[PDB]
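K.L.:
Following this message is one structure expressed as structure tokens.
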Amino acid sequence: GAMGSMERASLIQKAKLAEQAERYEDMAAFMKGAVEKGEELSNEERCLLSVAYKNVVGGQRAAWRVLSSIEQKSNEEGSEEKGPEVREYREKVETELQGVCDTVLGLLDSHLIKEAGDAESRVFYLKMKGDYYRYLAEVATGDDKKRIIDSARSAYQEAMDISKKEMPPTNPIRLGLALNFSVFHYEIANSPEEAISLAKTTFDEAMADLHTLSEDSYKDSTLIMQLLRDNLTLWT
Amino acid sequence: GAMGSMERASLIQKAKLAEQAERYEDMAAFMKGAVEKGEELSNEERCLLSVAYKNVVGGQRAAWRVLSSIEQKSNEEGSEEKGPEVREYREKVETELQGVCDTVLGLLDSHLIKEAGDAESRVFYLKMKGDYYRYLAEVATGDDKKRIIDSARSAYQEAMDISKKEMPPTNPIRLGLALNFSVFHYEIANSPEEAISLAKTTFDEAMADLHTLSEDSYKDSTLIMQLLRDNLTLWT
Amino acid sequence: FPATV
Amino acid sequence: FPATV
Ligand SMILES: *SCCNC(=O)C(C)(C)Oc1ccc(Br)c(OC)c1
Ligand SMILES: *SCCNC(=O)C(C)(C)Oc1ccc(Br)c(OC)c1
Ligand SMILES: [Mg+2]
Ligand SMILES: [Mg+2]
Ligand SMILES: [Mg+2]
Ligand SMILES: [Mg+2]
Ligand SMILES: [Mg+2]
Ligand SMILES: [Mg+2]
């Protein structure tokens, strides 16, 4: 690790600076170094890790979609042949994206998940595992595609089972997990009815529990509930 | 060069793809590879080179400014000591920025400027040379700062002298050079009166030549004239 | 695209 | 910041 010589606390401090400067690649590298110190992460530190990689891979996904669309148009009838360059460059971006996903999955497997015993940590890491397998599935076209999809499903499912047993229905991590697993069903698994059912039941069961919350918790939960509603509106 | 094995035309094609995907680091790497083929660049290719590096260094400058502001606040009275991390990370971003500027300046010196004989190429490369020395000056605090400032000044001045002799006053490259040299005077050289004079005279001499232009050229020239006006409004 | 967090 | 191109 190039971060092996930097103090854990300094890595965390610099991750926060990198976030302020919108330097998400640096942020991710600092958080990878922090994870590799071997200690468990606090709630705030788990948020830093997830924000850094979500922004890095989100930019890669957006670029991959632009290039994939150009590549599809180049393969339509009446399109002038332009050579291998579009495919090559799409492949370059795809391979980088896969590398980032493999890095995150590697941190989760070595050894964040196995030491995560509380629901708030374990559900969040298993949600991340589902997310990064989902990003791998978005670009998969080969003989492991079904296994990649199933890996995402299995991680999400374990997170769901824990979240339903151990968290209230308004817990933001439970809500965000459900939001993303619902998207998995709709976009990856060819299961729009499951996606819709999950989003609706999650939203309704959260609504019924809002009365138990403080004003600040209510704000946190309703924010994610609105995302579930936005997806339901998109899908119906 | 990692791009040494890729065809020039393929590098240009991929630079255009990278621009569409907003992958400016890749764009810059592809254009560096294209320059290193040793052939002169067309007008479109000079635009690709400048767009790629302007976006890379522009992001570095924005991040450096965020970090420098945090570092200044940390050095005020009543600020709790936070250790060397802010300075270290500002220095990391600064060193990367300097590296990009040195790379661009190196391409200009080896050998874009010396083979550029037409005004449209030579003025544009000398403007770039001024710009990248200006970016080095923004972060300079040491014993070479005056020489760095003078290097920017000298490049801008040579570009100005050529532009006034060889281009009409509405030429967009002449206008953009004047815009940036005016900013150099205001922000780098502690010469706001020179900055204002240059912007005003450039704007007025362009106005008087608009009557000679087609509708499309008029659009191109008035776009940059409005930037000169925006700066004049900021400064007066 | 749909919303994810 | 002022405008540059
Ligand atoms: S962890 C980063 C801080 N949180 C957030 O940015 C928002 C979207 C406000 O909250 C949530 C809520 C639930 C989840 Br699972 C996440 O995951 C990143 C974020
Ligand atoms: S070279 C990139 C294409 N041009 C532009 O983006 C705009 C700003 C429209 O035009 C100009 C005009 C004059 C100059 Br010197 C530049 O330099 C990049 C750009
Ligand atoms: Mg230590
Ligand atoms: Mg591939
Ligand atoms: Mg169920
Ligand atoms: Mg060749
Ligand atoms: Mg320095
Ligand atoms: Mg003069």
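Every residue, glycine among them, receives a Cβ derived from its backbone with ideal geometry; neighbour counts consider all protein chains shown. What follows draws every value from the coordinates through simple rules; no lab data is involved.
K.L.:
How would you classify segment A:8-235 from its alpha-carbon gyration tensor, with a ≥ b ≥ c the square roots of the eigenvalues: rounded for a/c under 1.5, else prolate if a/b is greater than b/c, otherwise oblate?
P.N.:
Numbers: a/c = 1.89, a/b = 1.28, b/c = 1.48.
Here segment A:8-235 falls in the oblate category.
K.L.:
Per residue of segment B:196-202, what does 6.51 cos²θ - 1.76 cosθ + 1.60 with θ = phi - 60° give for ³J(HN,Hα)? Whole Hz please, x for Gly and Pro, Karplus curve as stated.
P.N.:
Once rounded to whole Hz, the list reads 5, 4, 4, 4, 5, 5, 4.
K.L.:
Residue by residue through segment B:218-228, which ³J(HN,Hα) values in whole Hz follow from phi under the Karplus form 6.51 cos²θ - 1.76 cosθ + 1.60 (θ = phi - 60°), with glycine and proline marked x?
P.N.:
With the stated coefficients, segment B:218-228 comes to 4, 4, 4, 6, 5, 4, 6, 4, 5, 4, 4 Hz.
K.L.:
Calculate the length of the line joining the C-alpha centroid of segment A:50-113 to that of segment B:60-120, in whole Å.
P.N.:
29
K.L.:
Using a Gaussian network model on chain A with a 10 Å cutoff between Cα atoms, which of A:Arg174, A:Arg134, A:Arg147 fluctuates the most?
P.N.:
A:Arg147
K.L.:
Among B:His211, B:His111, B:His185, determine the one that fluctuates most according to a GNM of chain B built with springs between C-alpha atoms less than 10 Å apart.
P.N.:
Of B:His211, B:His111, B:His185, the most mobile in the Gaussian network model is B:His211.
K.L.:
How well do other chains shield peptide B:59-66, expressed as the mean number of their Cβ atoms within 10 Å of each residue Cβ? Write out the running numbers ahead of the final one.
P.N.:
On the way: counts 3, 2, 1, 4, 7, 1, 2, 6.
If you average over the peptide's residues, the count of other-chain Cβ atoms is 3.
K.L.:
Scan chain B for the residue whose Cβ is closest to the axis carrying it onto chain A, then write down that distance in whole angstrom.
P.N.:
Checking which Cβ lies nearest the axis yields B:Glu25, 5.
K.L.:
Which value in Å is the Kirkwood Rh of segment B:48-180 over different Cα pairs?
P.N.:
Its Kirkwood hydrodynamic radius stands at 16.2 Å.
K.L.:
Starting from 0.36 nm per residue, how many nanometres of slack lie between B:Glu215 and B:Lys165 once their C-alpha separation is accounted for?
P.N.:
Numbers: separation 50, 0.36 × 50 = 18.00 nm, distance 2.45 nm.
Between B:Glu215 and B:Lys165, full extension yields an extra 15.6 nm.
K.L.:
Rounded to a whole number of µm²/s, how large is the Stokes-Einstein D of the protein assembly as shown at 10 °C and 1.306 mPa s, given Rh as the Kirkwood radius over C-alpha pairs? Show your work: numbers first, answer last.
P.N.:
On the way: Rh = 25.8 Å.
Result for D is 61 µm²/s.
K.L.:
Which distances, in nm and shortest first, link the B:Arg147 label point to the same label point in every other copy, taking 7 Å along Cα→Cβ?
P.N.:
5.9
K.L.:
Would you compute, from DSSP H runs of 4+ residues alone, the mean residue ellipticity of chain B at 222 nm, taking -39500 (n - 2.57) per run and dividing by the full residue count, rounded to the nearest 500?
P.N.:
Numbers: 9 runs with 172 residues, N = 236.
The helix contribution divided over chain B gives -25000 deg cm²/dmol.
K.L.:
How far is it, in nm, from the label point at A:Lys73 to the one at B:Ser74 when both lie 7 Å from their Cα along the line to the Cβ?
P.N.:
Placing both labels 7 Å beyond Cα along the Cβ direction yields 4.6 nm.
K.L.:
Then there is this: Please compute the modelled spin-label separation between A:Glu7 and B:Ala9, points set 7 Å along Cα→Cβ, answer in nm with one decimal.
P.N.:
5.8
K.L.:
Rounded to whole Hz and in sequence order, give me ³J(HN,Hα) for segment B:46-63 from the Karplus expression 6.51 cos²θ - 1.76 cosθ + 1.60, θ = phi - 60°, writing x for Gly and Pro.
P.N.:
Each residue's phi maps through the Karplus curve to give 4, 4, 4, 4, 5, 4, 4, 5, 4, 6, 4, 5, x, x, 5, 4, 4, 5 Hz.
K.L.:
Another one. Grab the Cα-Cα distance for A:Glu39 and A:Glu81, subtract it from 0.36 nm times how many residues apart they are, and report the gain in nm with one decimal. Write out the running numbers ahead of the final one.
P.N.:
Numbers: separation 42, 0.36 × 42 = 15.12 nm, distance 5.34 nm.
Here the answer is 9.8 nm.
K.L.:
Turning to a different aspect of this structure: Taking the Cβ-Cβ separation of A:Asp144 and A:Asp118 as r and a Förster radius of 45 Å, what is the calculated FRET efficiency to the nearest 0.05? Intermediate values should be presented prior to the final figure.
P.N.:
Working: r = 33 Å, r/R0 = 0.72.
That pair, A:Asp144 with A:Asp118, gives E of 0.85.
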